[PDB]
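Report on the following structure.
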Amino acid sequence: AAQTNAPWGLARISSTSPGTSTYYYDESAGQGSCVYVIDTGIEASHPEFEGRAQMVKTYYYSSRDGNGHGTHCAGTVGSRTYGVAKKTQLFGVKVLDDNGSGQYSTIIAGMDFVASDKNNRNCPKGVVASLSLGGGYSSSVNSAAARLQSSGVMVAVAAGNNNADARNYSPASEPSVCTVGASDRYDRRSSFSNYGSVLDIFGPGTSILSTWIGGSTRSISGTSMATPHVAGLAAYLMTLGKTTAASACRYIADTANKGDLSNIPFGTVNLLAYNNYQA
Ligand SMILES: [Ca+2]
């Protein structure tokens, strides 16, 4: 399949080189996989999600996304126009309030929720979770991300937007999950992207067009935008039979474009997510 004039991030993920605008992907498109988006929630009714999005959990007075951030993330995972996995099921878990804040305790409960809740969903092809959130190092937060992963969910998490070493951030510093840095359209590290030996991969994170609340769209930036590219790519690869929750991060890093990014600090991986689709 070929989606012409795709958002640059989508084109990039299916390309060996920067500067192109068509997204190529196998038509299976993530069918029969599931992606949890753990964030401010998801405007499920957005036409772009086509009935494939559902809120399954909130810790606040409402499950609606009153912010937009989670909806944007969800659209990059799986909206028909802006998404990597155009046929995946999307499940929203609202651990962040409408100001995009959440206490660590709520975030942890949200991770544990998905680790059980995937047993209530139909995802023959596998399960992914996209966690575009972050705060200072906490072993409890790391440990919750590690449980989520060991239960059989491919966990992808934002490296953070501090332009600093991600070792100091959670769940970014958790070794067993996929920690995702942000790049821009000219293949430079995003200027806000964290870095470090704890990073596993980079995805498109600067000027990322996707869904927003009120049924609209917008371009925004962050390692939080890069994460759902990798989350969507895992779902897509898993439905193709290429990999599993337990090895998806590894496989993505093995099949990445390598040594193509600029401003990567000494000791951080120079790997850009890539679907290796032979159209
Ligand atoms: Ca990690």
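Going from the start of the chain as shown, residues are counted 1 onward.
Determined via X-ray crystallography, 2.2 Å.
Cβ coordinates come from backbone N, Cα and C, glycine included.
Per Swiss-Prot, the features are:
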- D39: active site, charge relay system (ACT_SITE)
- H69: active site, charge relay system (ACT_SITE)
- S224: active site, charge relay system (ACT_SITE)
- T16, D260: Ca(2+) 2 binding site (BINDING)
- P175, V177, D200: Ca(2+) 1 binding site (BINDING)
- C34-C123: disulfide bond (DISULFID)
- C178-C249: disulfide bond (DISULFID)
- 7-279: domain 'Peptidase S8' (DOMAIN)
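Of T16, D39, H69, all annotated as recorded positions, the residue with the shortest Cα distance to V177 (Ca(2+) 1 binding site) is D39. Put simply, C249 is the one of the recorded positions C34, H69, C123, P175, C249 whose Cα lies nearest to the Cα of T16 (Ca(2+) 2 binding site).
Listed recorded positions: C34, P175, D260. Those with a CB atom under 6 Å from ligand 1: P175.
The recorded positions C123, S224, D260 include none with a CA atom within 10 A of the CA of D200 (Ca(2+) 1 binding site). Only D39, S224, from the recorded positions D39, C178, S224, place their Cα within 10 Å of the Cα belonging to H69 (active site, charge relay system). Ranking the disulfide-bonded residues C123, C178 by other CB atoms within 10 A of the CB puts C123 at the bottom. Nearest neighbour of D260 (Ca(2+) 2 binding site) by Cα distance, taken over the recorded positions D39, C123, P175, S224, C249: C249.
Taking Cβ-Cβ distances under 8 Å and a sequence separation of 6 or more, the neighbours of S224 (active site, charge relay system) in its chain are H69, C73, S132, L133, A158, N161, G205. In three-state terms derived from DSSP, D39 (active site, charge relay system) belongs to an extended strand segment. Annotated Ca(2+) 1 site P175, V177, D200; additional same-chain residues within 8 Å of its Cβ mean position, judged by their own Cβ, are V157, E174, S176, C178, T179, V198, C249. The recorded positions listed here are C34, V177, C249; among them, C34 has the most other Cβ atoms within 10 Å of its own Cβ.
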